[PDB]
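K.L.:
So that you have it, the file is final16.cif, and it contains mmCIF, C-alpha atoms and all ligand atoms:
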```
data_coords
#
loop_
_atom_site.label_atom_id
_atom_site.label_comp_id
_atom_site.auth_asym_id
_atom_site.auth_seq_id
_atom_site.Cartn_x
_atom_site.Cartn_y
_atom_site.Cartn_z
CA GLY A 22 61.41 -204.64 36.46
CA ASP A 23 61.16 -202.41 33.35
CA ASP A 24 64.72 -201.20 34.31
CA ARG A 25 66.42 -204.69 34.63
CA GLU A 26 64.59 -205.63 31.34
CA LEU A 27 65.91 -202.52 29.55
CA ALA A 28 69.43 -203.24 30.97
CA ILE A 29 69.33 -206.79 29.55
CA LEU A 30 68.17 -205.48 26.14
CA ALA A 31 70.85 -202.73 26.15
CA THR A 32 73.58 -205.24 27.11
CA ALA A 33 72.49 -207.61 24.31
CA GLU A 34 72.44 -204.83 21.65
CA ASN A 35 75.93 -203.69 22.78
CA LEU A 36 77.37 -207.25 22.75
CA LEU A 37 75.85 -208.01 19.31
CA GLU A 38 77.93 -205.12 17.90
CA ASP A 39 81.07 -207.20 18.57
CA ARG A 40 79.94 -210.88 18.17
CA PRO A 41 77.04 -213.12 17.08
CA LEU A 42 74.33 -214.31 19.49
CA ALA A 43 75.88 -217.86 19.41
CA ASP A 44 79.01 -216.31 21.09
CA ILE A 45 76.99 -214.49 23.81
CA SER A 46 76.15 -216.59 26.88
CA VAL A 47 73.16 -215.66 29.22
CA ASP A 48 76.03 -215.20 31.83
CA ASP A 49 77.38 -212.32 29.62
CA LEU A 50 73.82 -210.79 29.48
CA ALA A 51 73.22 -211.07 33.25
CA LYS A 52 76.74 -209.70 33.99
CA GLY A 53 76.18 -206.60 31.78
CA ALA A 54 72.73 -206.02 33.25
CA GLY A 55 74.08 -206.32 36.86
CA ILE A 56 71.93 -209.38 37.76
CA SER A 57 72.44 -213.07 38.33
CA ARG A 58 71.80 -215.84 35.74
CA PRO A 59 68.62 -217.03 37.49
CA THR A 60 67.36 -213.45 37.77
CA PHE A 61 67.84 -213.18 33.95
CA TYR A 62 65.57 -216.23 33.52
CA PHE A 63 62.81 -214.38 35.38
CA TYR A 64 62.74 -211.60 32.65
CA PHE A 65 63.46 -213.74 29.49
CA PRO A 66 63.25 -217.48 28.81
CA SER A 67 66.44 -217.46 26.64
CA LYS A 68 68.99 -215.25 24.84
CA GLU A 69 66.90 -215.92 21.63
CA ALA A 70 63.92 -214.27 23.34
CA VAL A 71 66.07 -211.20 24.07
CA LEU A 72 66.94 -210.91 20.35
CA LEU A 73 63.24 -211.36 19.38
CA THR A 74 62.38 -208.48 21.75
CA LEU A 75 65.18 -206.27 20.30
CA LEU A 76 63.96 -206.99 16.74
CA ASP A 77 60.32 -206.38 17.75
CA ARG A 78 61.38 -202.96 19.12
CA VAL A 79 63.27 -201.97 15.91
CA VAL A 80 60.49 -203.17 13.60
CA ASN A 81 57.84 -201.30 15.55
CA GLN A 82 60.06 -198.16 15.65
CA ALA A 83 60.18 -198.25 11.81
CA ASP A 84 56.45 -198.98 11.56
CA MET A 85 55.52 -196.14 13.93
CA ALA A 86 57.77 -193.70 12.01
CA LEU A 87 56.01 -194.77 8.78
CA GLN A 88 52.59 -194.25 10.47
CA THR A 89 53.74 -190.74 11.53
CA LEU A 90 54.72 -189.93 7.98
CA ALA A 91 51.44 -191.46 6.62
CA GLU A 92 49.51 -189.03 8.95
CA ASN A 93 51.94 -186.04 8.32
CA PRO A 94 52.66 -185.90 4.57
CA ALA A 95 55.72 -183.83 3.47
CA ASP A 96 54.95 -180.91 1.00
CA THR A 97 57.29 -182.11 -1.74
CA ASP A 98 57.39 -183.76 -5.19
CA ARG A 99 56.65 -187.54 -5.78
CA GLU A 100 60.43 -188.37 -5.67
CA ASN A 101 60.79 -186.76 -2.24
CA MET A 102 57.61 -188.50 -1.03
CA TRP A 103 59.13 -191.93 -1.76
CA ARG A 104 62.63 -190.88 -0.56
CA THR A 105 61.24 -189.81 2.84
CA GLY A 106 59.49 -193.19 3.20
CA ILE A 107 62.50 -195.32 2.18
CA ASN A 108 64.55 -193.16 4.60
CA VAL A 109 62.45 -194.41 7.53
CA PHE A 110 63.87 -197.89 6.88
CA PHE A 111 67.39 -196.63 6.02
CA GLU A 112 67.63 -194.62 9.26
CA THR A 113 65.79 -197.00 11.58
CA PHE A 114 67.57 -200.24 10.59
CA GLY A 115 70.82 -198.35 9.85
CA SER A 116 70.77 -197.07 13.49
CA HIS A 117 70.49 -200.69 14.74
CA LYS A 118 72.84 -202.60 12.42
CA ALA A 119 73.83 -205.25 14.97
CA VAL A 120 70.16 -206.13 15.77
CA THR A 121 69.39 -206.03 12.02
CA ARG A 122 72.23 -208.51 11.27
CA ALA A 123 71.32 -210.78 14.19
CA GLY A 124 67.57 -210.69 13.36
CA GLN A 125 68.16 -211.65 9.77
CA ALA A 126 70.28 -214.61 10.92
CA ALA A 127 67.56 -215.64 13.45
CA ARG A 128 64.88 -215.88 10.67
CA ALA A 129 66.45 -219.23 9.67
CA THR A 130 66.18 -220.77 13.16
CA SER A 131 63.25 -218.97 14.92
CA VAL A 132 59.61 -219.32 13.76
CA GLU A 133 58.74 -216.27 15.98
CA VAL A 134 61.42 -214.08 14.25
CA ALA A 135 60.33 -215.33 10.79
CA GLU A 136 56.66 -214.62 11.61
CA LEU A 137 57.45 -211.13 13.04
CA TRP A 138 59.41 -210.19 9.87
CA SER A 139 56.66 -211.64 7.58
CA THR A 140 53.90 -209.80 9.42
CA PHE A 141 55.61 -206.38 9.07
CA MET A 142 56.80 -206.97 5.46
CA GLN A 143 53.15 -207.77 4.58
CA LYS A 144 52.04 -204.55 6.27
CA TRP A 145 54.69 -202.41 4.50
CA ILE A 146 53.92 -204.02 1.10
CA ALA A 147 50.18 -203.41 1.60
CA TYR A 148 50.85 -199.77 2.47
CA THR A 149 53.17 -199.37 -0.53
CA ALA A 150 50.48 -200.83 -2.84
CA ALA A 151 47.83 -198.48 -1.35
CA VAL A 152 50.05 -195.46 -2.11
CA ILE A 153 50.74 -196.69 -5.66
CA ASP A 154 46.97 -197.22 -6.09
CA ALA A 155 46.28 -193.67 -4.86
CA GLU A 156 48.89 -192.27 -7.33
CA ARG A 157 47.17 -194.20 -10.17
CA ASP A 158 43.66 -193.04 -9.06
CA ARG A 159 44.87 -189.35 -9.10
CA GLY A 160 46.36 -189.89 -12.66
CA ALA A 161 50.02 -189.41 -11.47
CA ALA A 162 51.15 -193.03 -12.09
CA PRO A 163 50.28 -195.28 -15.05
CA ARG A 164 48.33 -198.55 -14.66
CA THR A 165 51.18 -200.95 -15.45
CA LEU A 166 51.90 -203.98 -13.22
CA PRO A 167 49.50 -205.17 -10.46
CA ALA A 168 50.33 -202.72 -7.67
CA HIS A 169 50.68 -205.39 -4.95
CA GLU A 170 53.17 -207.42 -7.09
CA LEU A 171 55.25 -204.30 -7.93
CA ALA A 172 55.14 -203.32 -4.22
CA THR A 173 56.31 -206.77 -3.21
CA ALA A 174 59.38 -206.76 -5.49
CA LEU A 175 60.33 -203.19 -4.47
CA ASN A 176 60.05 -203.98 -0.74
CA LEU A 177 62.11 -207.17 -1.21
CA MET A 178 64.74 -205.18 -3.15
CA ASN A 179 64.96 -202.72 -0.24
CA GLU A 180 65.17 -205.51 2.35
CA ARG A 181 68.05 -207.23 0.52
CA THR A 182 69.87 -204.10 -0.65
CA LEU A 183 69.73 -202.16 2.65
CA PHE A 184 70.86 -205.32 4.45
CA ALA A 185 73.80 -205.85 2.12
CA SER A 186 74.92 -202.21 2.58
CA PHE A 187 74.59 -202.33 6.39
CA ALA A 188 76.37 -205.72 6.65
CA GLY A 189 79.24 -204.60 4.31
CA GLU A 190 78.55 -207.55 2.04
CA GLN A 191 80.32 -208.16 -1.26
CA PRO A 192 78.43 -207.24 -3.40
CA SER A 193 76.70 -204.16 -1.98
CA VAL A 194 75.81 -200.59 -2.87
CA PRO A 195 77.91 -198.24 -0.73
CA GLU A 196 75.86 -197.06 2.26
CA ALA A 197 76.33 -193.43 1.13
CA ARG A 198 74.76 -194.33 -2.27
CA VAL A 199 72.01 -196.80 -1.31
CA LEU A 200 69.17 -194.35 -0.64
CA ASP A 201 69.57 -192.54 -4.02
CA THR A 202 69.90 -195.92 -5.79
CA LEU A 203 66.66 -197.30 -4.32
CA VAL A 204 64.74 -194.04 -4.80
CA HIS A 205 65.64 -194.04 -8.51
CA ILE A 206 64.39 -197.61 -9.01
CA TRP A 207 61.17 -196.93 -7.06
CA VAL A 208 60.33 -193.70 -8.91
CA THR A 209 61.11 -195.01 -12.37
CA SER A 210 59.24 -198.29 -11.86
CA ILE A 211 56.16 -196.63 -10.28
CA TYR A 212 55.84 -193.72 -12.72
CA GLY A 213 57.34 -195.19 -15.85
CA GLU A 214 55.65 -196.63 -18.94
CA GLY B 22 84.53 -242.66 -10.08
CA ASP B 23 82.66 -239.95 -12.05
CA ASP B 24 79.60 -242.33 -11.82
CA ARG B 25 79.64 -242.89 -7.96
CA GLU B 26 80.23 -239.07 -7.64
CA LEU B 27 77.24 -238.27 -9.88
CA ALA B 28 75.13 -240.84 -7.91
CA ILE B 29 76.01 -239.11 -4.61
CA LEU B 30 75.14 -235.68 -6.08
CA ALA B 31 71.85 -237.01 -7.55
CA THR B 32 70.90 -238.66 -4.23
CA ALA B 33 71.62 -235.42 -2.34
CA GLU B 34 69.55 -233.26 -4.75
CA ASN B 35 66.65 -235.75 -4.49
CA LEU B 36 66.79 -235.89 -0.66
CA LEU B 37 67.00 -232.07 -0.37
CA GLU B 38 63.60 -231.88 -2.12
CA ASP B 39 62.03 -233.47 0.98
CA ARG B 40 64.23 -232.27 3.93
CA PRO B 41 67.08 -229.92 4.92
CA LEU B 42 70.74 -230.97 4.81
CA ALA B 43 70.77 -231.10 8.68
CA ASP B 44 68.22 -234.00 8.39
CA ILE B 45 70.29 -235.93 5.78
CA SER B 46 73.00 -238.20 7.21
CA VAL B 47 76.07 -239.30 5.05
CA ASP B 48 74.51 -242.85 5.61
CA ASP B 49 71.42 -241.65 3.62
CA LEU B 50 73.76 -240.33 0.83
CA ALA B 51 75.85 -243.53 0.65
CA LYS B 52 72.67 -245.69 0.73
CA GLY B 53 71.09 -243.79 -2.22
CA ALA B 54 74.33 -243.89 -4.19
CA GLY B 55 74.73 -247.69 -3.58
CA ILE B 56 78.05 -247.35 -1.66
CA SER B 57 79.26 -247.67 1.89
CA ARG B 58 79.83 -244.75 4.32
CA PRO B 59 83.63 -245.01 4.08
CA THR B 60 83.43 -245.18 0.28
CA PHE B 61 81.43 -241.89 0.43
CA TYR B 62 84.32 -240.29 2.35
CA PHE B 63 86.65 -241.15 -0.53
CA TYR B 64 84.58 -238.91 -2.95
CA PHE B 65 83.55 -236.06 -0.54
CA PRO B 66 84.89 -234.95 2.85
CA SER B 67 81.36 -234.17 4.21
CA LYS B 68 77.67 -233.73 3.28
CA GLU B 69 78.42 -229.92 3.24
CA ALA B 70 80.95 -230.53 0.47
CA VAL B 71 78.27 -232.36 -1.54
CA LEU B 72 75.96 -229.31 -1.27
CA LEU B 73 78.85 -226.96 -2.26
CA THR B 74 79.41 -229.11 -5.37
CA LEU B 75 75.65 -229.09 -6.21
CA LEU B 76 75.54 -225.28 -5.84
CA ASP B 77 78.75 -224.89 -7.89
CA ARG B 78 77.10 -226.92 -10.68
CA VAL B 79 73.88 -224.81 -10.67
CA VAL B 80 75.75 -221.49 -10.54
CA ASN B 81 78.02 -222.47 -13.40
CA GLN B 82 75.00 -223.76 -15.42
CA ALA B 83 73.42 -220.26 -15.07
CA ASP B 84 76.73 -218.53 -15.86
CA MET B 85 77.36 -220.66 -18.96
CA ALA B 86 73.79 -220.02 -20.21
CA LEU B 87 74.40 -216.27 -19.74
CA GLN B 88 77.72 -216.57 -21.65
CA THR B 89 75.84 -218.37 -24.48
CA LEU B 90 73.31 -215.57 -24.65
CA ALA B 91 76.10 -212.90 -24.46
CA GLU B 92 77.71 -214.57 -27.58
CA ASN B 93 74.29 -215.24 -29.33
CA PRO B 94 72.16 -212.09 -28.97
CA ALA B 95 68.38 -212.47 -29.61
CA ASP B 96 66.94 -210.23 -32.45
CA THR B 97 64.36 -208.48 -30.28
CA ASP B 98 63.55 -205.17 -28.54
CA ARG B 99 65.38 -203.94 -25.33
CA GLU B 100 62.57 -205.39 -23.09
CA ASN B 101 63.00 -208.85 -24.61
CA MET B 102 66.80 -208.56 -24.34
CA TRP B 103 66.56 -208.09 -20.55
CA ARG B 104 63.71 -210.65 -20.20
CA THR B 105 65.79 -213.35 -21.92
CA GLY B 106 68.69 -212.65 -19.52
CA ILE B 107 66.59 -212.63 -16.32
CA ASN B 108 64.99 -215.86 -17.64
CA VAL B 109 68.38 -217.62 -17.48
CA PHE B 110 68.26 -217.18 -13.69
CA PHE B 111 64.50 -217.88 -13.41
CA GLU B 112 64.81 -221.16 -15.34
CA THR B 113 68.17 -222.33 -14.01
CA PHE B 114 67.53 -221.75 -10.27
CA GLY B 115 63.80 -222.52 -10.69
CA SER B 116 64.78 -225.97 -12.09
CA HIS B 117 66.89 -226.63 -8.94
CA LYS B 118 64.74 -225.18 -6.14
CA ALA B 119 65.93 -227.61 -3.46
CA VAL B 120 69.64 -226.85 -4.14
CA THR B 121 68.78 -223.13 -4.32
CA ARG B 122 67.06 -223.25 -0.89
CA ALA B 123 69.83 -225.34 0.68
CA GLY B 124 72.60 -223.15 -0.84
CA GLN B 125 71.07 -219.98 0.47
CA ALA B 126 70.88 -221.53 3.96
CA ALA B 127 74.54 -222.69 3.70
CA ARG B 128 75.78 -219.09 3.01
CA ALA B 129 75.35 -218.41 6.77
CA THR B 130 77.54 -221.35 7.88
CA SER B 131 79.99 -222.04 4.97
CA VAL B 132 82.72 -219.55 3.93
CA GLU B 133 83.15 -221.58 0.66
CA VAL B 134 79.40 -221.25 -0.19
CA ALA B 135 79.43 -217.53 0.71
CA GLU B 136 82.55 -216.96 -1.42
CA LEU B 137 81.11 -218.95 -4.40
CA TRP B 138 77.87 -216.89 -4.32
CA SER B 139 79.82 -213.58 -3.94
CA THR B 140 82.15 -214.41 -6.82
CA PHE B 141 79.28 -215.12 -9.26
CA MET B 142 77.09 -212.20 -8.06
CA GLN B 143 80.10 -209.91 -8.70
CA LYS B 144 80.46 -211.38 -12.19
CA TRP B 145 76.74 -211.01 -13.01
CA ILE B 146 76.66 -207.42 -11.65
CA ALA B 147 79.75 -206.51 -13.72
CA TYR B 148 78.15 -207.97 -16.84
CA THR B 149 74.87 -206.14 -16.13
CA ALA B 150 76.77 -202.83 -15.72
CA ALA B 151 78.67 -203.44 -19.00
CA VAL B 152 75.36 -203.92 -20.86
CA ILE B 153 73.86 -200.80 -19.27
CA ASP B 154 77.05 -198.90 -20.24
CA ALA B 155 76.76 -200.15 -23.83
CA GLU B 156 73.07 -199.04 -23.96
CA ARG B 157 74.12 -195.56 -22.70
CA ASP B 158 77.05 -195.37 -25.21
CA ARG B 159 74.61 -196.19 -28.12
CA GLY B 160 72.17 -193.44 -26.84
CA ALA B 161 69.40 -195.98 -25.91
CA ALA B 162 69.60 -195.45 -22.11
CA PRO B 163 70.01 -192.15 -20.22
CA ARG B 164 73.04 -191.41 -18.01
CA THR B 165 71.27 -191.52 -14.65
CA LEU B 166 72.70 -193.51 -11.70
CA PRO B 167 76.25 -194.99 -11.70
CA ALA B 168 75.71 -198.14 -13.78
CA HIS B 169 77.51 -200.48 -11.34
CA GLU B 170 75.37 -199.24 -8.39
CA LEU B 171 72.11 -199.61 -10.39
CA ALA B 172 73.28 -203.07 -11.53
CA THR B 173 74.01 -204.07 -7.95
CA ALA B 174 70.55 -203.16 -6.63
CA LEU B 175 68.79 -204.84 -9.59
CA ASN B 176 70.79 -208.07 -9.18
CA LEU B 177 70.10 -208.08 -5.42
CA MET B 178 66.38 -207.52 -6.11
CA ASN B 179 66.40 -210.54 -8.44
CA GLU B 180 68.31 -212.70 -5.93
CA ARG B 181 65.83 -211.93 -3.12
CA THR B 182 62.66 -211.89 -5.22
CA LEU B 183 63.34 -215.08 -7.23
CA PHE B 184 64.30 -216.81 -3.99
CA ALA B 185 61.12 -215.74 -2.21
CA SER B 186 58.98 -216.99 -5.14
CA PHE B 187 60.80 -220.35 -5.37
CA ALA B 188 60.71 -220.89 -1.57
CA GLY B 189 56.96 -219.96 -1.34
CA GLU B 190 57.77 -217.29 1.21
CA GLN B 191 55.23 -214.88 2.65
CA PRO B 192 55.62 -212.29 1.18
CA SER B 193 56.45 -213.27 -2.40
CA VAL B 194 55.47 -212.50 -5.98
CA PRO B 195 53.66 -215.53 -7.43
CA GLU B 196 56.11 -217.62 -9.48
CA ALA B 197 53.88 -217.15 -12.57
CA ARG B 198 54.20 -213.33 -12.18
CA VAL B 199 57.82 -212.89 -11.04
CA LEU B 200 59.53 -212.69 -14.44
CA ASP B 201 57.17 -209.94 -15.76
CA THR B 202 57.49 -208.07 -12.43
CA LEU B 203 61.31 -208.04 -12.52
CA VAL B 204 61.48 -207.21 -16.24
CA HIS B 205 59.26 -204.15 -15.69
CA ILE B 206 61.48 -202.83 -12.87
CA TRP B 207 64.68 -203.46 -14.86
CA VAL B 208 63.42 -201.79 -18.06
CA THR B 209 61.91 -198.78 -16.36
CA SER B 210 64.92 -198.17 -14.12
CA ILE B 211 67.49 -198.63 -16.93
CA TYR B 212 65.69 -196.58 -19.60
CA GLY B 213 63.76 -194.13 -17.49
CA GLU B 214 64.51 -190.49 -16.66
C1 LIG A 301 67.80 -204.06 6.52
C2 LIG A 301 66.41 -204.25 6.73
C3 LIG A 301 65.55 -203.34 5.84
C4 LIG A 301 64.21 -203.76 5.60
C5 LIG A 301 63.32 -202.90 4.83
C6 LIG A 301 61.99 -203.52 4.50
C7 LIG A 301 60.98 -202.51 3.98
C8 LIG A 301 61.30 -201.74 2.77
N1 LIG A 301 60.20 -200.85 2.42
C9 LIG A 301 60.34 -199.59 2.20
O1 LIG A 301 61.49 -199.07 2.05
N2 LIG A 301 59.26 -198.78 2.09
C10 LIG A 301 57.91 -199.33 2.24
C11 LIG A 301 56.89 -198.26 2.52
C12 LIG A 301 56.96 -197.12 1.55
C13 LIG A 301 55.88 -196.07 1.64
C14 LIG A 301 58.34 -196.54 1.68
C15 LIG A 301 59.39 -197.53 1.35
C1 LIG A 302 67.19 -217.68 -6.46
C2 LIG A 302 68.51 -217.32 -6.84
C3 LIG A 302 68.53 -216.28 -7.97
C4 LIG A 302 69.72 -215.51 -8.09
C5 LIG A 302 69.84 -214.55 -9.19
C6 LIG A 302 71.05 -213.67 -9.13
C7 LIG A 302 71.30 -212.92 -10.42
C8 LIG A 302 70.27 -212.01 -10.94
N1 LIG A 302 70.71 -211.37 -12.16
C9 LIG A 302 70.03 -211.36 -13.26
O1 LIG A 302 68.81 -211.72 -13.27
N2 LIG A 302 70.59 -210.93 -14.42
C10 LIG A 302 71.97 -210.50 -14.45
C11 LIG A 302 72.53 -210.48 -15.85
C12 LIG A 302 71.66 -209.74 -16.81
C13 LIG A 302 72.19 -209.53 -18.21
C14 LIG A 302 70.33 -210.45 -16.82
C15 LIG A 302 69.70 -210.43 -15.48
#
```
Go ahead and render the structure in this file as structure tokens.

P.N.:
Amino acid sequence: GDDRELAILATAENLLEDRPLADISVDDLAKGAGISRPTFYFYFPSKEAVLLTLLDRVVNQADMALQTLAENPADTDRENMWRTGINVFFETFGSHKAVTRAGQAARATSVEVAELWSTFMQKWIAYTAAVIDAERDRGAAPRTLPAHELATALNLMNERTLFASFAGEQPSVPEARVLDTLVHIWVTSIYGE
Amino acid sequence: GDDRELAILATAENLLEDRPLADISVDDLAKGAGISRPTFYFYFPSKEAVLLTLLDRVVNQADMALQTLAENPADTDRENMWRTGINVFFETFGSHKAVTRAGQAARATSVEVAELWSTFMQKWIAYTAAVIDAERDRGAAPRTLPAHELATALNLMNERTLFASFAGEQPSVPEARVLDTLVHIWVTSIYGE
């Protein structure tokens, strides 16, 4: 039950590497998972539900890694503190580029995908603002913009910029340059007057 | 000829304020422009072509305003120089929110929309990098990140963040706060070490 489900999810992630969800039939999913079409429909209502589950897994993997870091601070300067946090997103979404691409496309057509993405962006922005607020309270960062507004723009930059790098968009920052680029902008905008 | 074309474009921009392009028939466009369906097809091949033309107009309005500013520098500090430039995009796209929303949706399904947006983002990034390079050459900005990579991330931040504000997304920076938020991040990241 868990095993046919994981086989369907694994098949979908593999097929998304080579074509969009629109070009994957539920027949393709059932065939890769070694089940029939009706048996598929027992585990998922639709191929869209399979993508929602894949995206939910990736988003929660990033969130749990951020929670781990939040509990287990690295012993490092402020630049490295922010770099390690942005790296959670770089590594987690960068390790699942096909699901990342497909999920972003699904935001336009799926209220459940849009709501999942909104929920976690709100969480990550709130955490970012709490860290900025802590840095200001300790005297390490200046009281410039409203922390939640700064956090929002920085998180949206990372969403757009990581996505463009992963998707090979024109324009994009090269993938081998994107982490340093984002870290610079975060550190200067958080600590700068 | 120019006048029936402008009537079709005006009808489309008005109807996009209240519903997506998928919910606008070519009958609706012809009716608002005071022409028949076949007469529509004389001026545009499709409703998608009408949106491409609307987006082309808005993008070139922003580009021409940036060209005007590039030729007619304001007599102001570095913060105001960048604020005036970001404001071109805030005002131009903010004055055409329905076309902005519809154009962004069309990038997923229209190679011509995607290519139009890419072409102008490349232009605006190249201009941004040239200004950063000039600021470094004059000794006003430090030689930190590769200017074209910094420019790319900043332009992508503005694309995503302005869009979220205009579209009322959750999350977003309030529209009345977005210009100050972006200016801060640009100035600190360009001038900061
Ligand atoms: C391609 C999809 C990528 C989506 C990335 C969206 C989140 C970006 N947010 C961050 O990078 N964070 C927030 C938390 C702080 C502590 C570290 C930095
Ligand atoms: C909702 C669609 C918005 C899209 C905005 C895309 C462009 C953002 N770029 C800028 O803001 N610029 C670039 C040029 C310099 C000199 C000023 C700042």

K.L.:
Compute the chain A side of the contact with chain B at 9 Å, counting all atoms listed in the file, and hand it back as a short mmCIF file (atom, residue, chain, number, x, y, z; two decimals) with C-alpha atoms, in the coordinates of the input.

P.N.:
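So the final result, stored in iface-v8.cif, reads:
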```
data_model
loop_
_atom_site.label_atom_id
_atom_site.label_comp_id
_atom_site.auth_asym_id
_atom_site.auth_seq_id
_atom_site.Cartn_x
_atom_site.Cartn_y
_atom_site.Cartn_z
CA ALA A 126 70.28 -214.61 10.92
CA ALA A 129 66.45 -219.23 9.67
CA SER A 139 56.66 -211.64 7.58
CA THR A 140 53.90 -209.80 9.42
CA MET A 142 56.80 -206.97 5.46
CA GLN A 143 53.15 -207.77 4.58
CA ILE A 146 53.92 -204.02 1.10
CA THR A 165 51.18 -200.95 -15.45
CA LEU A 166 51.90 -203.98 -13.22
CA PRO A 167 49.50 -205.17 -10.46
CA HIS A 169 50.68 -205.39 -4.95
CA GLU A 170 53.17 -207.42 -7.09
CA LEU A 171 55.25 -204.30 -7.93
CA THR A 173 56.31 -206.77 -3.21
CA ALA A 174 59.38 -206.76 -5.49
CA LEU A 175 60.33 -203.19 -4.47
CA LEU A 177 62.11 -207.17 -1.21
CA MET A 178 64.74 -205.18 -3.15
CA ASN A 179 64.96 -202.72 -0.24
CA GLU A 180 65.17 -205.51 2.35
CA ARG A 181 68.05 -207.23 0.52
CA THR A 182 69.87 -204.10 -0.65
CA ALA A 185 73.80 -205.85 2.12
CA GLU A 190 78.55 -207.55 2.04
CA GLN A 191 80.32 -208.16 -1.26
CA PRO A 192 78.43 -207.24 -3.40
CA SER A 193 76.70 -204.16 -1.98
CA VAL A 194 75.81 -200.59 -2.87
CA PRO A 195 77.91 -198.24 -0.73
CA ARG A 198 74.76 -194.33 -2.27
CA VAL A 199 72.01 -196.80 -1.31
CA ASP A 201 69.57 -192.54 -4.02
CA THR A 202 69.90 -195.92 -5.79
CA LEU A 203 66.66 -197.30 -4.32
CA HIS A 205 65.64 -194.04 -8.51
CA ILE A 206 64.39 -197.61 -9.01
CA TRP A 207 61.17 -196.93 -7.06
CA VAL A 208 60.33 -193.70 -8.91
CA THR A 209 61.11 -195.01 -12.37
CA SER A 210 59.24 -198.29 -11.86
CA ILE A 211 56.16 -196.63 -10.28
CA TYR A 212 55.84 -193.72 -12.72
CA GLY A 213 57.34 -195.19 -15.85
CA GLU A 214 55.65 -196.63 -18.94
#
```

K.L.:
Which residues, protein or nucleic acid, reach to within 12 Å of (67.2, -217.4, -16.8) in the file's coordinates when using only C-alpha atoms, and can you give that as a CSV table (one decimal) with C-alpha atoms, keeping the file's coordinate frame?

P.N.:
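Heads up, here's the output in selection.csv:
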```
chain,number,residue,atom,x,y,z
B,79,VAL,CA,73.9,-224.8,-10.7
B,80,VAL,CA,75.8,-221.5,-10.5
B,82,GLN,CA,75.0,-223.8,-15.4
B,83,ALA,CA,73.4,-220.3,-15.1
B,84,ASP,CA,76.7,-218.5,-15.9
B,85,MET,CA,77.4,-220.7,-19.0
B,86,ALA,CA,73.8,-220.0,-20.2
B,87,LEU,CA,74.4,-216.3,-19.7
B,88,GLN,CA,77.7,-216.6,-21.6
B,89,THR,CA,75.8,-218.4,-24.5
B,90,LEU,CA,73.3,-215.6,-24.6
B,102,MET,CA,66.8,-208.6,-24.3
B,103,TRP,CA,66.6,-208.1,-20.6
B,104,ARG,CA,63.7,-210.6,-20.2
B,105,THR,CA,65.8,-213.4,-21.9
B,106,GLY,CA,68.7,-212.6,-19.5
B,107,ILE,CA,66.6,-212.6,-16.3
B,108,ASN,CA,65.0,-215.9,-17.6
B,109,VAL,CA,68.4,-217.6,-17.5
B,110,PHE,CA,68.3,-217.2,-13.7
B,111,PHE,CA,64.5,-217.9,-13.4
B,112,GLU,CA,64.8,-221.2,-15.3
B,113,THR,CA,68.2,-222.3,-14.0
B,114,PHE,CA,67.5,-221.8,-10.3
B,115,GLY,CA,63.8,-222.5,-10.7
B,116,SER,CA,64.8,-226.0,-12.1
B,179,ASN,CA,66.4,-210.5,-8.4
B,180,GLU,CA,68.3,-212.7,-5.9
B,183,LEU,CA,63.3,-215.1,-7.2
B,199,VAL,CA,57.8,-212.9,-11.0
B,200,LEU,CA,59.5,-212.7,-14.4
B,203,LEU,CA,61.3,-208.0,-12.5
B,204,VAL,CA,61.5,-207.2,-16.2
```

K.L.:
From the options A:118, A:164, A:68, A:159, which residue's atoms come nearest to ligand LIG 301 (chain A), counting all atoms listed in the file?

P.N.:
A:118

K.L.:
CA of residue 189 in chain A and atom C4 of ligand LIG 301 (chain A), how far apart in Å?

P.N.:
15.1 Å

K.L.:
One decimal, Å: what's the distance from CA of residue 76 in chain B over to CA of residue 149 in chain B, could you say?

P.N.:
21.7 Å

K.L.:
Kindly output range 27-34 of chain B as a compact mmCIF listing (two decimals), in the coordinates of the input, after building N, CA and C atoms.

P.N.:
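Produced file selection03.txt, reproduced below:
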```
# COMPACT_ATOMS: atom_id res chain seq x y z
N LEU B 27 78.52 -238.78 -9.35
CA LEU B 27 77.24 -238.27 -9.88
C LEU B 27 76.07 -238.91 -9.11
N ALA B 28 76.18 -240.17 -8.69
CA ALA B 28 75.13 -240.84 -7.91
C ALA B 28 74.99 -240.16 -6.55
N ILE B 29 76.10 -239.80 -5.91
CA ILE B 29 76.01 -239.11 -4.61
C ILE B 29 75.31 -237.75 -4.80
N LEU B 30 75.70 -237.03 -5.84
CA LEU B 30 75.14 -235.68 -6.08
C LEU B 30 73.64 -235.81 -6.37
N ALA B 31 73.26 -236.77 -7.20
CA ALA B 31 71.85 -237.01 -7.55
C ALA B 31 71.01 -237.40 -6.34
N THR B 32 71.53 -238.27 -5.51
CA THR B 32 70.90 -238.66 -4.23
C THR B 32 70.71 -237.41 -3.37
N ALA B 33 71.74 -236.60 -3.20
CA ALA B 33 71.62 -235.42 -2.34
C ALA B 33 70.54 -234.48 -2.90
N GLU B 34 70.53 -234.24 -4.20
CA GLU B 34 69.55 -233.26 -4.75
C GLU B 34 68.14 -233.81 -4.53
```
